[PDB]
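The structure appears below as structure tokens.
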Amino acid sequence: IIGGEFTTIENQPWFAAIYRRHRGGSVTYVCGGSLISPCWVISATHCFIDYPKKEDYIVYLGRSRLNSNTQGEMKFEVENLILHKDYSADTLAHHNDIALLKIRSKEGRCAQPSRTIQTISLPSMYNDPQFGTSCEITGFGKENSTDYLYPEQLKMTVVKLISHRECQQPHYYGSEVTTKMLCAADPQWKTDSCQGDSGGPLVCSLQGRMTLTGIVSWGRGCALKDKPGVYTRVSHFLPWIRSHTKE
Ligand SMILES: CCCCS(=O)(=O)N[C@H](CO)C(=O)N[C@@H](C)C(=O)NCc1ccc(C(=N)N)cc1
């Protein structure tokens, strides 16, 4: 997250931190995610496409820091890693960038709700916030494009939803952005998500209810003028989500 402010997991209880176990013994951060049900986390496919082995991932809930423990945090293994079969990456656009991770603790249980661990509501069929609406994003991603390290504390910021018409303009992204994607940015181009925030949530207050509206996916650079962040439009993937989370 470029700009914005540091926050705690108490303010983003649905946030999931995903790490990968390494061939030696070290563990590195991969992407963010969101808890949509006690046993399910939703993230982005581009985060796992190159290493589709479920056994190498670890999911933390109730965690506020990157490399240190947080009181009340819970560790989970990945029981099933579901990637979207139609995922593809073009020059800029990442299509169908969405994934599901079924989690389970060593005792074989799912997440237990608490003050620091809660689920986030999914949207209704094709029911998205009006363009110009303020939404929030959270993540452990880069604070500056020139950084090679991630911040130790979780961050969050607020951006505004941009219409498909505006985002489709020549100086923006042209035809690369589709109706299955959502653009959001700071009107001053000062704050934005960046590398490392992938898979994280774009949450919007819809009818007094916090809703998972988008998933951090792609963008040209970070916080660049006329180059908004592009998010996977969750409302267009409800059928895919329902079919893969049943049994
Ligand atoms: C430092 C990031 C540079 C990104 S880039 O090379 O200009 N664009 C590519 C185009 O497909 C890209 O976005 N790749 C994906 C995997 C990616 O890096 N996603 C993370 C990412 C998330 C948000 C944003 C943003 N809001 N601008 C920017 C990047």
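In this analysis, Cβ positions are derived from the backbone assuming ideal geometry, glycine residues included, and neighbour counts consider all displayed protein chains. All of the numbers you see were taken from the coordinates with simple rules; none came from a lab.
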Each label sits 7 Å from Cα toward the beta-carbon; between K190 and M125 the label points are separated, in nm, by 4.3 nm
Using the Cα centre of region 1-101 as the reference point, and only Cβ charges (+1 on K/R, -1 on D/E), how large is the resulting charge dipole? Debye, rounded to the nearest 20. 320 debye
Compute the orientation-averaged projected area for region 195-247 from the convex hull of its Cα atoms and round it to one decimal in nm². 5.1 nm²
Cα gyration tensor shape of region 108-247, rounded if a/c is under 1.5, else prolate or oblate by comparing a/b with b/c: oblate
Can you find, among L224, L35, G4, the residue sitting farthest towards the positive end of the charge dipole of the chain, where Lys and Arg contribute +1 and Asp and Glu -1 at Cβ? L35
Can you work out the base-10 log of I(q)/I(0) for region 1-54 at q = 0.22, 0.31 1/Å, using the Debye formula on its C-alpha atoms alone? -1.02, -1.26
Mind listing the lone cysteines of the chain, meaning no other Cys beta-carbon sits under 4.7 Å from theirs? none
Extreme residue, positive dipole direction of the chain, given options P201, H46, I241 (C-beta unit charges): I241
Sequence-distant residues sharing a close amide H with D197 (under 5 Å, placed H): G141, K142
Full extension between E247 and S134 adds, at 0.36 nm per residue less the Cα distance, a length in nm of 37.1 nm
The distance between the Cα centres of region 56-98 and region 122-170, in whole Å, is 17 Å
Quick calc, the chain, dipole around Cα centre from Cβ unit charges on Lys, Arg (+) and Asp, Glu (-), nearest 20 debye, gives 460 debye
Highest-first arrangement of 221-230, 12-21, 159-168, where packing means the average Cβ count within 10 Å: 12-21, 221-230, 159-168
Would you kindly state how much longer the chain becomes between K106 and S37 on full extension, computed as 0.36 nm times their sequence separation minus their alpha carbon distance, in nm to one decimal? 23.0 nm
Computed [θ] at 222 nm, helices only, for the chain once each DSSP H run of length n ≥ 4 contributes -39500 (n - 2.57): -1000 deg cm²/dmol
Cut-off is 10 Å between beta-carbons; in what order do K102, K54, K155, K85 appear when sorted fewest neighbours first? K85, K54, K102, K155
In a shell of Cβ-Cβ distance under 13 Å around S88, excluding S88 itself, what net charge do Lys and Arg (+1) and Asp and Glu (-1) give? -2
Residue order, fewest to most beta carbons within 10 Å, for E77, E55, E10: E55, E10, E77
Normalised per residue, the volume of the convex hull around the Cα set of region 1-156 (Å³): 153 Å³
May I ask you to derive the relative contact order of the chain, considering only C-alpha pairs under 8 Å and at least 6 residues apart, and to give it as an integer percent? 23 percent
Under 12 Å from the Cβ of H244, count the other residues' Cβ atoms, weight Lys and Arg +1, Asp and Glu -1, and hand me the total. +3
